[PDB]
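Asks: I have a structure I would like to understand better, so I am pasting it below and will then ask my questions one at a time.
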2 protein chains.
Amino acid sequence: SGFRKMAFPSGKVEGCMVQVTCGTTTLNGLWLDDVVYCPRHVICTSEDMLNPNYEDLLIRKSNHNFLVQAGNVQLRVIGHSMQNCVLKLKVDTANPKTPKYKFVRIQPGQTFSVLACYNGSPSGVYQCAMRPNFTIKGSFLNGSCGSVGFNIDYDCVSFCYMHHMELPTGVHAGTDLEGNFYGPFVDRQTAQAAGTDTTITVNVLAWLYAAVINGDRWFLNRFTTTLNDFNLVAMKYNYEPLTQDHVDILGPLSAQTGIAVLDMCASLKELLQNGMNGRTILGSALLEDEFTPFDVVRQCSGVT
Amino acid sequence: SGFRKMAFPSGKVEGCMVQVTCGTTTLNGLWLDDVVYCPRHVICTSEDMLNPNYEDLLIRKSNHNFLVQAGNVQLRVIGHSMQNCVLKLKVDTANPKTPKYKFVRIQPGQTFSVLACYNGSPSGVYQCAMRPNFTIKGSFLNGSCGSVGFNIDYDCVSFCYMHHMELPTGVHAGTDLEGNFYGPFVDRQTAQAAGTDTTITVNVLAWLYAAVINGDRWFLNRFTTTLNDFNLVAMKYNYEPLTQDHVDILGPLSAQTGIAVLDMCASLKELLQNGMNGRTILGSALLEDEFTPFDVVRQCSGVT
Ligand SMILES: N#CCOc1ccccc1C(=O)NCc1cnsc1
Ligand SMILES: N#CCOc1ccccc1C(=O)NCc1cnsc1
């Protein structure tokens, strides 16, 4: 019993964190096999950040200009390339701590763990979610660029995110491990406002099932609704539209608790229309949306 | 920018997790040097849990009865002892992944990271706090016993907690690494109700400073208070009394933000007397108390 914002064990990802220096800029890199992956803005100076031409800037850089340090030992750069907004630094040594891995581009609503690093060293681990506006509400300071988001399936690490920047509103933007940004963000110091931060409806439902399982049942009501009715209510409150796909994904939670998905929707509907009235659900005074139906099933079953 | 419930990187602790089996019971163990530490209720059967005499139960167990498995390889038990509520299994091999470590008994209000394990394998990491009633609001299922709480200071892991049980109210009880329970809990299936779960006042103040630093300032008011006045308000709301020691601990946060500790207390006082009025602080609708003044300083400065 008990429900917590749980991150994956970070050991496998710690073994990949390196420090990348180019000129005076120092950020983090991800070392998998003989390749070190890092944000391309490592090649920029504070004067370049406003409007950089990365192709032009990269002409001035050679293999010896990128200083890669794994722990306290220097890695030899035998090649470099730019793929979208990341740099791939071919080193002469394969990372001996390289776990089994995949590079996946996740959808908004999916959650992942972030290993926050500074100067190639891990400082903390926390759980995140790709917001519907393609931002992440991380906790990142200057020098955190290069830190990665990830999911683990027993022994395989699926890298999904790499941190690149903080928007003027304090939220975060980054790429997948192919260098493609999530959303419309560009790696330059320009006007980039985020879109509507809507609530992940399927994740709030999953978190309501996690509360029923753990004993919090005060919010269960005598009502039901239809998908269309609930969606009219969800539109008003800036909640993502719930689809039949989301209902099917909530299937094993509905099955375990014996509460039909549309019944839980009518509970969510009343909570939106009436508030919590000073009460709490899983020790939280607001409707949590950063646990997927999969995270609930994993945490509640004990998947290792 | 951004403030998250951040856990320490778990790699160093993952390298210590082993599986301990005694008869039909299987729980987790912590392998440091040539010693495997685990809860003593590993020697109990479901029939013993009601009223066990661990000294008597232990007479029937020999070195070969405790099956220690580090990863997929078996560890040889060359000795066993009981220290309070833990068992120390002397193995023939020192753990080659033993980090620098200390065993510390923490006070209530202190926070730590938990590495939740099942069958010796880590499944998740989250941040906890020793509640003022000596319980922890963890996320633990059957077989999670043996999972440990910890803090890291650069390279040294301070082990502070080992999970032992779940009280009938769904909260958790456990020991320090010497086997001494936090609070009055006993490792038996008996009536054990928790005391008042008061709010950690110094941690709410620290979290209010973390919000000011990160841009959330709506709650800052034109008022101030005295320690005695604030404490009368804190008594009413089941908040821990604030001491001059807590004021001094909040010194660097007060210094960085330029907001006197007693001014932040009057902000906390108004928030307690008037509620949040549907607003949020650091994306939370309730006053967070599981970040110490040290955690705020660490997260906001980027200590690796
Ligand atoms: N605002 C802002 C940028 O500062 C940061 C704050 C938090 C996390 C990362 C950075 C960071 O180091 N970005 C560097 C950068 C990215 N694209 S052009 C320069
Ligand atoms: N209620 C209850 C116990 O079940 C648990 C739930 C969550 C975490 C641990 C346990 C657990 O395995 N305790 C075993 C135990 C501890 N002392 S006598 C038997």
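Note that chain B is numbered according to Swiss-Prot, with residues 3264-3567 shown in order.
This deposition comes from X-ray crystallography, 1.8 Å.
Cβ atoms are placed via backbone N, Cα and C, with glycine included.
According to Swiss-Prot:
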CROSSLNK  B:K3268  ubiquitin cross-link
ACT_SITE  B:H3304  active site, for 3CL-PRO activity
CROSSLNK  B:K3353  ubiquitin cross-link
ACT_SITE  B:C3408  active site, nucleophile
Asks: What number of additional C-beta atoms lies within 10 angstroms of the C-beta atom of B:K3268 (ubiquitin cross-link)?
Replies: 22
Asks: Less than 8 Å, Cβ to Cβ, versus chain A; work out which of the recorded positions B:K3268, B:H3304, B:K3353, B:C3408 satisfy that and list them by sequence.
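Replies: Near chain A: B:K3268.
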Asks: Just give me the nearest neighbour of the residue listed as 'active site, for 3CL-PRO activity' among the recorded positions B:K3268, B:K3353, B:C3408, Cα to Cα.
Replies: B:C3408
Asks: By a simple count, how many Cβ atoms lie within 10 Å of the Cβ of B:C3408 (active site, nucleophile), its own Cβ left out?
Replies: 26
Asks: Do any residues at least six apart in sequence from B:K3353 (ubiquitin cross-link), in the same chain, have a Cβ closer than 8 Å to its Cβ, and if so which, in order?
Replies: B:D3297, B:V3298, B:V3340, B:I3341, B:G3342, B:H3343, B:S3344
Asks: Tell me the coarse DSSP state (helix, strand, coil) of B:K3353 (ubiquitin cross-link).
Replies: strand
Asks: Measuring Cα to Cα, how many angstrom lie between the residue listed as 'active site, nucleophile' and B:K3268 (ubiquitin cross-link)?
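Replies: Between the Cα atoms of the residue listed as 'active site, nucleophile' and B:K3268 (ubiquitin cross-link), the distance comes to 23 Å.
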Asks: Of the recorded positions B:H3304, B:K3353, B:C3408, which ones put their CB under 6 Å from ligand 2?
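Replies: Those recorded positions that pass the cut-off, since their Cβ is under 6 Å from ligand 2, are B:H3304, B:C3408.
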Asks: Around the residue listed as 'active site, for 3CL-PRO activity', how many other C-beta atoms are within 10 angstroms of its C-beta?
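Replies: The residue listed as 'active site, for 3CL-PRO activity' is surrounded by 23 other Cβ atoms within 10 Å.
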